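In order of appearance the chains are A, B, C, D and E, and numbering begins at 1 in each one.
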Amino acid sequence: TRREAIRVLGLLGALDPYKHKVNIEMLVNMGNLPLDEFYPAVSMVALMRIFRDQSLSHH
Amino acid sequence: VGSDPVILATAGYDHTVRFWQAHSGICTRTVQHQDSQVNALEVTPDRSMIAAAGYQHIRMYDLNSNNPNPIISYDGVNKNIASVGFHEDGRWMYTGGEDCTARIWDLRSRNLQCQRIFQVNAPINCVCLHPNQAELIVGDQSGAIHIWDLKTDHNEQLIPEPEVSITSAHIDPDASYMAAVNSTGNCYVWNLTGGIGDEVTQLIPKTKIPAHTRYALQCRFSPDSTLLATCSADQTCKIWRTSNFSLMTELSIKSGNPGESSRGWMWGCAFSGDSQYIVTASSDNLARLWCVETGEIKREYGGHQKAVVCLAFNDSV
Amino acid sequence: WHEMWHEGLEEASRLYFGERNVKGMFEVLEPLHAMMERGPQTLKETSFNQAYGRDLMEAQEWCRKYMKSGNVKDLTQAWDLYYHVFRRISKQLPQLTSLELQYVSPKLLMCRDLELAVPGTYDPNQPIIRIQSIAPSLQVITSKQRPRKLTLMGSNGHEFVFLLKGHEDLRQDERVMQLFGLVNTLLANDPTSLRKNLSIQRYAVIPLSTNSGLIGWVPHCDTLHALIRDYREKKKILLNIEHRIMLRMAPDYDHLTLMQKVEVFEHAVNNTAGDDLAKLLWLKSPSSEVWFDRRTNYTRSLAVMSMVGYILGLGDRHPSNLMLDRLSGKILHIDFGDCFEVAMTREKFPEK
Amino acid sequence: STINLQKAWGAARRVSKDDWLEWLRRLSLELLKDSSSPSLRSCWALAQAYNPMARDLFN
Amino acid sequence: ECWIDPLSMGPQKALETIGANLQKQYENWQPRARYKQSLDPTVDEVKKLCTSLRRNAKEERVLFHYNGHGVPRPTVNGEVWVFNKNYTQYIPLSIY
């Protein structure tokens, strides 16, 4: 299978990287605030990610 | 100052003009210079009063009387006066400025307005009176040296090197060679053809001396005409022998340590009456009386709060 | 009105007290009197004519008495009233931080879902993004000219911010933006340039009169001067340190000769680490990988505008006239008031 | 509150990826428990349950 | 505040305007009275103000209007907050 996946990249040619480009905050948080404010803000941001999706159901 | 045979004036950004003593190293008298700095001093051949070219005024202070106000304040100019000459008879006075307009001022006449004018293209960096008292060499920022004749007005423009500002140029008292200096740091020497009545004054290029790496600032022959001191922004005052154009002695005021940036530019070179001593001003606020042959700091002059850009030296009896 | 009267009396004072041009002084002021001769069309114009308008009309009586008498005591009474309202206006102007549509122009507040499209957005291919509604508040920028910060709601739903400049002819800027369009086309066509993603950042320019017009506000930007000021106050560095070092070594800097200036300038450079912009680009960037990409764009964009500016002749590029995109990293040039080597020609402070 | 930390630090008996990954987890959780700011200390229980939470508050 | 948005007019002008309007508002009910505004006053300023109005009408009623919306709440110890000369510190003022 890996052999075919290469043989097919061969036949399709080698695309120029530019031609493929056409075809296709946490540090910032700390960059601004003092540490006593930063700690709530970073805690909340990390909690909000868990809040969305079905991961919240487990926790 | 005046009664003393030797003169050694000094002036810079601190608005003073301190008259030192060569034998001692003591400030005899200062003179105030408000409203500007001093760009170039000049003792008069008569030695009655010194000159001090500044910003939009050629002032002339008294050498005999002490603590006087400026006797003459020649106004009516702009953009500074780079240098000032003086006719050996003591009647005419020459100047050069950045206004691209050389001038001549009659000291004897009371008229405020000047007498003659020789306008040029680019700002005038330096004046130098030819010893024959008939030709006035005039450098400029574009590179063009001129020889404005004082009788025929036939300026013979000449460019040693294109697009390099020539900052100073001097000619020895015997009219043999003429030296020039530019912001590249070369020292173009020119052999003077022996013409007085003919006024041919042909400049024969002899040697391009690679004097300094960085901007050179002043060149001046000795009264002997054996040595050619050449100051630069590299904090070294080299002395070139006239015969061979070789570096006899290199007087440097460097720190002797890589951790010392911009200690101060060296732009003072006044030879002694017999080429035994050499005065030298520096931007480290200190004048230095060097020895020519040995290369040793004989005396050190201190007390200037700011940098020291000018020198005066007169051993005329 | 109070802004027009303010600039008018400044010009009239220069004619009278400066040049002693009295007939030209009346030529400056008489349009402003005819301007108010329309009458109060908005509440702001009512409160102006209430407070000042009475005094201006009285000063006009002394001006009209001078026209048929020719007395210094007649015209000085007008200048007393003129300087009275001028000082009151001059005190007011700093307080005008924002203007509400209800006061300044309620017509615009009424305007809803206009068919007239957002300026400089119209494309023959794209669908017309017509004006949805105008925001009620106008954040007046505190500058010498006091530009406004207009913001319009599009029919597509996105907000469009603009900069309403007054008494600054924008036909030059409009023409210059046509030039940048051409150059961008050429760079797109060249493959080498396209591979490097070279392009000039441009913005909409829409003139409205000989004086006023709309400039498109570029988001995520801030002037280079602001960045250096804010970095140096954070790091407790003196904002004017280079200038202070020069004046300390040689207080006569302005009047010094060329060689002297070079020394003074170099002395400042040797005793100041000139890394403030590089250093702050690092700290601002969230991560090194982004930082590198921001710097690549920064370097190329600068080179592109260096060459284009040289050909166009764009001078007077002090750090207040160029701003840096804090996301893309590309440099932006604005306020092309000086072109075709005007700076070199002018005698005062010539730029080489 | 730096005894368990010093055990996590000077263990260096890890001869695989998951061994160091286990070291990391112990290190992160000990820093949260220690942390003076209670907004971070409050997240310690979640970090034990969820590895991503520990990594988001690592810095 | 007194039917005036203080942030619309800028800080200093708004404070003067509210004092002027409040005077007018009171002049609806008592138009013939000496009004004397004090706008973010000091302690001496309050002393000199009250003592002057008390001197004017020693035996007659004098109205003291206090609006402490900009200062912290009064303390249990019977104190009311005012400002310092520099407007950098809330100075307490004893009710006694």
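As a convention for this text, contacts are C-beta pairs under 8 Å (C-beta built on N, C-alpha and C of every residue); 3 or more make two chains touch, one makes a residue touch a chain.
If you want to know which protein each chain is, UniProt gives these names: B = Target of rapamycin complex subunit LST8.
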Query raised in the report: So which has more C-beta pairs touching, C-E or A-D?
Result: A-D
Query raised in the report: In terms of CA centroid distance, which chain is the most far removed from chain C?
Result: D
Query raised in the report: Where the CA atoms of chain A average out and where those of chain E average out, how many Å apart are those spots?
Result: 59
Requested in this report: Please report how many Å separate the Cα centroid of chain C from that of chain E, as a whole number.
Outcome: 43
Query - Chain centre separation in whole Å, for chain D relative to chain B (CA means) - result: 76
Query raised in the report: With chain centres defined as C-alpha means, what is the inter-centre distance between chain A and chain B in Å?
Result: 71
Query raised in the report: By residue number and range, which residues of chain E touch two or more other chains?
Result: none
Report task. Going through chain B residue by residue, note those that touch at least 2 other chains and give them in order. Result -> none
Requested in this report: Any two chains that touch count here, so list every such pair.
Outcome: A-C, A-D, B-C, C-E
Query raised in the report: What part of chain D is in contact with chain A in the complex they form?
Result: 37, 39-40, 42-43, 46, 49-50, 52-53, 56-57, 59
Report summary line: As the complex stands, chain A meets chain C at residues 18, 25-28, 31
Query raised in the report: Of all residues in chain C, which touch chain A in the complex?
Result: 194-195, 283-284, 286-287
Query raised in the report: Mind pulling up the chain E residues that touch chain C in the complex?
Result: 9-10, 13
Query raised in the report: What does chain B use to touch chain C in their complex?
Result: 13, 36-37, 39, 55, 80, 82, 98, 123, 141, 165, 167, 183, 215, 217, 233, 261-262, 265, 267, 283, 306-307, 309
